[PDB]
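As provided, structure_7.pdb (PDB, C-alpha atoms) reads as follows.
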```pdb
ATOM      1  CA  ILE A   1      89.303  86.720  96.473  1.00  0.00           C
ATOM      2  CA  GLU A   2      91.747  87.567  99.276  1.00  0.00           C
ATOM      3  CA  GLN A   3      89.821  85.269 101.631  1.00  0.00           C
ATOM      4  CA  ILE A   4      89.764  82.371  99.150  1.00  0.00           C
ATOM      5  CA  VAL A   5      93.543  82.673  98.721  1.00  0.00           C
ATOM      6  CA  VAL A   6      94.284  82.407 102.445  1.00  0.00           C
ATOM      7  CA  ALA A   7      91.733  79.583 102.758  1.00  0.00           C
ATOM      8  CA  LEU A   8      92.958  77.328  99.944  1.00  0.00           C
ATOM      9  CA  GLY A   9      96.577  78.475  99.721  1.00  0.00           C
ATOM     10  CA  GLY A  10      98.410  76.035  97.477  1.00  0.00           C
ATOM     11  CA  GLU A  11      95.218  74.728  95.865  1.00  0.00           C
ATOM     12  CA  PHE A  12      94.238  78.181  94.558  1.00  0.00           C
ATOM     13  CA  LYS A  13      96.407  77.821  91.435  1.00  0.00           C
ATOM     14  CA  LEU A  14      93.839  75.384  90.015  1.00  0.00           C
ATOM     15  CA  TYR A  15      91.182  78.126  89.954  1.00  0.00           C
ATOM     16  CA  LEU A  16      93.280  81.265  89.352  1.00  0.00           C
ATOM     17  CA  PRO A  17      93.322  80.868  85.511  1.00  0.00           C
ATOM     18  CA  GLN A  18      89.532  81.308  85.463  1.00  0.00           C
ATOM     19  CA  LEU A  19      89.838  84.636  87.305  1.00  0.00           C
ATOM     20  CA  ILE A  20      92.794  85.985  85.289  1.00  0.00           C
ATOM     21  CA  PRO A  21      90.666  87.262  82.331  1.00  0.00           C
ATOM     22  CA  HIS A  22      88.659  89.521  84.660  1.00  0.00           C
ATOM     23  CA  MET A  23      91.733  90.810  86.505  1.00  0.00           C
ATOM     24  CA  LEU A  24      93.414  91.743  83.215  1.00  0.00           C
ATOM     25  CA  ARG A  25      90.307  93.668  82.127  1.00  0.00           C
ATOM     26  CA  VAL A  26      90.364  95.621  85.408  1.00  0.00           C
ATOM     27  CA  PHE A  27      93.776  97.135  84.634  1.00  0.00           C
ATOM     28  CA  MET A  28      92.984  97.977  80.989  1.00  0.00           C
ATOM     29  CA  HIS A  29      89.847  99.997  81.849  1.00  0.00           C
ATOM     30  CA  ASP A  30      89.700 101.100  85.495  1.00  0.00           C
ATOM     31  CA  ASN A  31      87.543 104.216  85.905  1.00  0.00           C
ATOM     32  CA  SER A  32      87.667 104.047  89.711  1.00  0.00           C
ATOM     33  CA  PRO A  33      88.399 107.471  91.294  1.00  0.00           C
ATOM     34  CA  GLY A  34      92.162 107.380  91.774  1.00  0.00           C
ATOM     35  CA  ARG A  35      92.120 103.725  90.638  1.00  0.00           C
ATOM     36  CA  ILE A  36      91.497 102.503  94.179  1.00  0.00           C
ATOM     37  CA  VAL A  37      90.020  99.250  92.840  1.00  0.00           C
ATOM     38  CA  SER A  38      93.373  98.654  91.141  1.00  0.00           C
ATOM     39  CA  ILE A  39      95.244  99.314  94.400  1.00  0.00           C
ATOM     40  CA  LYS A  40      92.997  96.775  96.133  1.00  0.00           C
ATOM     41  CA  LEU A  41      93.707  94.169  93.443  1.00  0.00           C
ATOM     42  CA  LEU A  42      97.451  94.733  93.896  1.00  0.00           C
ATOM     43  CA  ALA A  43      97.095  94.059  97.634  1.00  0.00           C
ATOM     44  CA  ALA A  44      95.357  90.801  96.686  1.00  0.00           C
ATOM     45  CA  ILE A  45      98.136  89.747  94.279  1.00  0.00           C
ATOM     46  CA  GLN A  46     100.545  90.072  97.218  1.00  0.00           C
ATOM     47  CA  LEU A  47      98.606  87.320  99.010  1.00  0.00           C
ATOM     48  CA  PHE A  48      98.623  85.054  95.928  1.00  0.00           C
ATOM     49  CA  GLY A  49     102.198  84.045  96.768  1.00  0.00           C
ATOM     50  CA  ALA A  50     103.847  81.099  95.023  1.00  0.00           C
ATOM     51  CA  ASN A  51     100.541  80.430  93.259  1.00  0.00           C
ATOM     52  CA  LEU A  52     101.518  83.088  90.699  1.00  0.00           C
ATOM     53  CA  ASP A  53     104.530  81.033  89.492  1.00  0.00           C
ATOM     54  CA  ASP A  54     102.811  79.547  86.436  1.00  0.00           C
ATOM     55  CA  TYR A  55     100.891  82.782  85.726  1.00  0.00           C
ATOM     56  CA  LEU A  56     103.360  85.571  86.599  1.00  0.00           C
ATOM     57  CA  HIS A  57     104.050  86.191  82.896  1.00  0.00           C
ATOM     58  CA  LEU A  58     100.353  87.072  82.572  1.00  0.00           C
ATOM     59  CA  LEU A  59      99.947  89.318  85.624  1.00  0.00           C
ATOM     60  CA  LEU A  60     103.274  91.156  85.460  1.00  0.00           C
ATOM     61  CA  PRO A  61     102.906  93.199  82.199  1.00  0.00           C
ATOM     62  CA  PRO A  62      99.716  94.895  83.492  1.00  0.00           C
ATOM     63  CA  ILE A  63     101.473  95.674  86.784  1.00  0.00           C
ATOM     64  CA  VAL A  64     104.497  97.000  84.885  1.00  0.00           C
ATOM     65  CA  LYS A  65     102.323  99.208  82.671  1.00  0.00           C
ATOM     66  CA  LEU A  66     100.602 100.449  85.844  1.00  0.00           C
ATOM     67  CA  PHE A  67     103.659 101.834  87.642  1.00  0.00           C
ATOM     68  CA  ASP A  68     105.284 103.173  84.454  1.00  0.00           C
ATOM     69  CA  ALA A  69     102.216 105.095  83.239  1.00  0.00           C
ATOM     70  CA  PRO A  70     102.740 108.792  84.091  1.00  0.00           C
ATOM     71  CA  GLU A  71      99.044 109.619  83.635  1.00  0.00           C
ATOM     72  CA  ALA A  72      98.290 107.196  86.473  1.00  0.00           C
ATOM     73  CA  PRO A  73      98.184 108.698  89.981  1.00  0.00           C
ATOM     74  CA  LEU A  74     101.061 108.367  92.416  1.00  0.00           C
ATOM     75  CA  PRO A  75      99.203 106.280  95.077  1.00  0.00           C
ATOM     76  CA  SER A  76      98.386 103.600  92.491  1.00  0.00           C
ATOM     77  CA  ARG A  77     102.004 103.670  91.295  1.00  0.00           C
ATOM     78  CA  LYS A  78     103.394 103.192  94.813  1.00  0.00           C
ATOM     79  CA  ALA A  79     100.931 100.324  95.318  1.00  0.00           C
ATOM     80  CA  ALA A  80     102.207  98.587  92.175  1.00  0.00           C
ATOM     81  CA  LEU A  81     105.856  99.079  93.164  1.00  0.00           C
ATOM     82  CA  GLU A  82     105.304  97.777  96.705  1.00  0.00           C
ATOM     83  CA  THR A  83     103.566  94.739  95.191  1.00  0.00           C
ATOM     84  CA  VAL A  84     106.578  93.854  93.027  1.00  0.00           C
ATOM     85  CA  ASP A  85     108.701  94.267  96.167  1.00  0.00           C
ATOM     86  CA  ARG A  86     106.620  91.690  98.055  1.00  0.00           C
ATOM     87  CA  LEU A  87     106.371  89.240  95.143  1.00  0.00           C
ATOM     88  CA  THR A  88     110.172  89.362  94.823  1.00  0.00           C
TER      89      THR A  88
ATOM     90  CA  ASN B   1     126.766  75.517  91.637  1.00  0.00           C
ATOM     91  CA  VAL B   2     124.718  77.140  94.415  1.00  0.00           C
ATOM     92  CA  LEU B   3     126.480  76.213  97.659  1.00  0.00           C
ATOM     93  CA  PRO B   4     129.954  77.411  98.682  1.00  0.00           C
ATOM     94  CA  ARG B   5     132.633  74.780  98.113  1.00  0.00           C
ATOM     95  CA  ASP B   6     133.323  74.385 101.844  1.00  0.00           C
ATOM     96  CA  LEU B   7     129.729  73.546 102.781  1.00  0.00           C
ATOM     97  CA  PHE B   8     129.318  71.278  99.738  1.00  0.00           C
ATOM     98  CA  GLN B   9     132.129  68.922 100.773  1.00  0.00           C
ATOM     99  CA  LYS B  10     130.798  69.010 104.345  1.00  0.00           C
ATOM    100  CA  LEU B  11     127.346  67.677 103.426  1.00  0.00           C
ATOM    101  CA  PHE B  12     127.610  66.089  99.962  1.00  0.00           C
ATOM    102  CA  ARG B  13     131.011  64.384 100.255  1.00  0.00           C
ATOM    103  CA  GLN B  14     131.604  63.415 103.894  1.00  0.00           C
ATOM    104  CA  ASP B  15     129.198  60.466 104.136  1.00  0.00           C
ATOM    105  CA  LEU B  16     126.829  58.935 101.600  1.00  0.00           C
ATOM    106  CA  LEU B  17     123.585  58.910 103.600  1.00  0.00           C
ATOM    107  CA  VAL B  18     123.723  62.600 104.545  1.00  0.00           C
ATOM    108  CA  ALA B  19     124.606  63.455 100.938  1.00  0.00           C
ATOM    109  CA  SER B  20     121.604  61.404  99.797  1.00  0.00           C
ATOM    110  CA  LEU B  21     119.296  63.134 102.288  1.00  0.00           C
ATOM    111  CA  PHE B  22     120.359  66.617 101.172  1.00  0.00           C
ATOM    112  CA  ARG B  23     120.143  65.588  97.511  1.00  0.00           C
ATOM    113  CA  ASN B  24     116.529  64.546  98.104  1.00  0.00           C
ATOM    114  CA  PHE B  25     115.980  67.578 100.353  1.00  0.00           C
ATOM    115  CA  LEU B  26     116.426  69.860  97.332  1.00  0.00           C
ATOM    116  CA  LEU B  27     113.522  68.043  95.670  1.00  0.00           C
ATOM    117  CA  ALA B  28     111.406  68.404  98.821  1.00  0.00           C
ATOM    118  CA  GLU B  29     112.106  72.154  98.886  1.00  0.00           C
ATOM    119  CA  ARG B  30     110.797  72.482  95.322  1.00  0.00           C
ATOM    120  CA  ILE B  31     107.658  70.364  95.743  1.00  0.00           C
ATOM    121  CA  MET B  32     106.588  71.657  99.162  1.00  0.00           C
ATOM    122  CA  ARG B  33     107.146  75.266  98.036  1.00  0.00           C
ATOM    123  CA  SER B  34     104.231  74.749  95.635  1.00  0.00           C
ATOM    124  CA  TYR B  35     101.906  74.159  98.627  1.00  0.00           C
ATOM    125  CA  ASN B  36     102.880  77.118 100.849  1.00  0.00           C
ATOM    126  CA  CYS B  37     105.451  75.000 102.685  1.00  0.00           C
ATOM    127  CA  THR B  38     109.107  75.862 103.311  1.00  0.00           C
ATOM    128  CA  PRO B  39     111.474  73.096 104.475  1.00  0.00           C
ATOM    129  CA  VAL B  40     114.115  74.151 106.994  1.00  0.00           C
ATOM    130  CA  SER B  41     117.747  73.072 107.384  1.00  0.00           C
ATOM    131  CA  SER B  42     120.154  73.778 110.228  1.00  0.00           C
ATOM    132  CA  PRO B  43     123.072  74.822 107.974  1.00  0.00           C
ATOM    133  CA  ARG B  44     120.941  77.324 106.075  1.00  0.00           C
ATOM    134  CA  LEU B  45     121.026  76.829 102.293  1.00  0.00           C
ATOM    135  CA  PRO B  46     120.294  79.582  99.773  1.00  0.00           C
ATOM    136  CA  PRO B  47     117.090  78.960  97.790  1.00  0.00           C
ATOM    137  CA  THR B  48     117.755  76.504  94.955  1.00  0.00           C
TER     138      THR B  48
END
```

How does this structure look as structure tokens?
Amino acid sequence: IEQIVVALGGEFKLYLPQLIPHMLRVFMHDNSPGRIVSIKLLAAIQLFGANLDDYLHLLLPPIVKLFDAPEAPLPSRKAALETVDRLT
Amino acid sequence: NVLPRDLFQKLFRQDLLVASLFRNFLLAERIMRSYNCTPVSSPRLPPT
């Protein structure tokens, strides 16, 4: 995904809505040790850039639930916070 | 609403053609932004 985003750039927003359902399922149920697959997906969202304009309302609640969940581990919470920093 | 009063009268009031270019520049900034492009101006404007 990260390589498709840098390749297409502005044209990625045509295809992003197809991928959104899978990304939202990743946050809901991530059993990855220390949720490192979540941290990777945050690093991808940073690359998305101004593509996320029309879809930020979809991605942001999962990210917000991620860094506010106390059960979640600190690395994954820092990764979510740093992502919001970049997207700002 | 976005620019400081001083810089507004400099660009948007002095002469028509410059004012027209900057008026249309704001539209360029919006459109090109949606294709990973950022227009650049010499008197730097805050993002509108």

Please list as an mmCIF file with C-alpha atoms, keeping the file's coordinate frame every residue within 7 Å of region 30-42 of chain A, counting only C-alpha atoms and excluding residues in the same chain fewer than 2 positions away.
```cif
data_model
loop_
_atom_site.group_PDB
_atom_site.id
_atom_site.type_symbol
_atom_site.label_atom_id
_atom_site.label_comp_id
_atom_site.auth_asym_id
_atom_site.auth_seq_id
_atom_site.Cartn_x
_atom_site.Cartn_y
_atom_site.Cartn_z
ATOM 1 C CA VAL A 26 90.364 95.621 85.408
ATOM 2 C CA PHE A 27 93.776 97.135 84.634
ATOM 3 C CA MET A 28 92.984 97.977 80.989
ATOM 4 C CA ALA A 44 95.357 90.801 96.686
ATOM 5 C CA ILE A 45 98.136 89.747 94.279
ATOM 6 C CA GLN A 46 100.545 90.072 97.218
ATOM 7 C CA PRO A 73 98.184 108.698 89.981
ATOM 8 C CA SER A 76 98.386 103.600 92.491
ATOM 9 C CA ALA A 79 100.931 100.324 95.318
ATOM 10 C CA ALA A 80 102.207 98.587 92.175
ATOM 11 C CA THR A 83 103.566 94.739 95.191
#
```

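Near chain B, within 12 Å and counting all atoms listed in the file, the residues of chain A are residues 5, 6, 7, 8, 9, 10, 11, 12, 13, 14, 47, 48, 49, 50, 51, 52, 53 and 54 of chain A.
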
**Q.** Two-atom distance - CA of residue 46 (chain B), CA of residue 88 (chain A) (Å)
**A.**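 According to the coordinates, CA of residue 46 (chain B) and CA of residue 88 (chain A) are separated by 14.9 Å.
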
Q: Taking the file as shown, find all residues satisfying the PyMOL selection byres ((chain B and resi 14-25) around 12) and write them as a VMD selection string.
A: chain B and resid 3 6 to 13 26 to 33 38 to 45 47 to 48

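One finds CA of residue 24 (chain A) at 16.5 Å from CA of residue 68 (chain A).
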
(Q) Just the number, please: distance in Å from CA of residue 85 (chain A) to CA of residue 72 (chain A), one decimal. (A)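 These atoms are spaced 19.2 Å apart.
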
Please report, as JSON, the centre and edge lengths in Å to one decimal of an axis-aligned box covering all listed atoms of region 8-23 of chain B with 5 Å per side.
```
{"center_x": 125.7, "center_y": 65.1, "center_z": 101.0, "size_x": 22.8, "size_y": 22.4, "size_z": 17.0}
```

Could you name the residues that touch residue 55 (chain A) at 9 Å or less, counting only C-alpha atoms, but leaving out those on the same chain fewer than 4 positions away, as a PDB file with C-alpha atoms, keeping the file's coordinate frame?
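And here's part_32.pdb as it stands now:
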```
ATOM      1  CA  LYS A  13      96.407  77.821  91.435  1.00  0.00           C
ATOM      2  CA  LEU A  16      93.280  81.265  89.352  1.00  0.00           C
ATOM      3  CA  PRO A  17      93.322  80.868  85.511  1.00  0.00           C
ATOM      4  CA  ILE A  20      92.794  85.985  85.289  1.00  0.00           C
ATOM      5  CA  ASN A  51     100.541  80.430  93.259  1.00  0.00           C
ATOM      6  CA  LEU A  59      99.947  89.318  85.624  1.00  0.00           C
ATOM      7  CA  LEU A  60     103.274  91.156  85.460  1.00  0.00           C
TER       8      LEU A  60
END
```
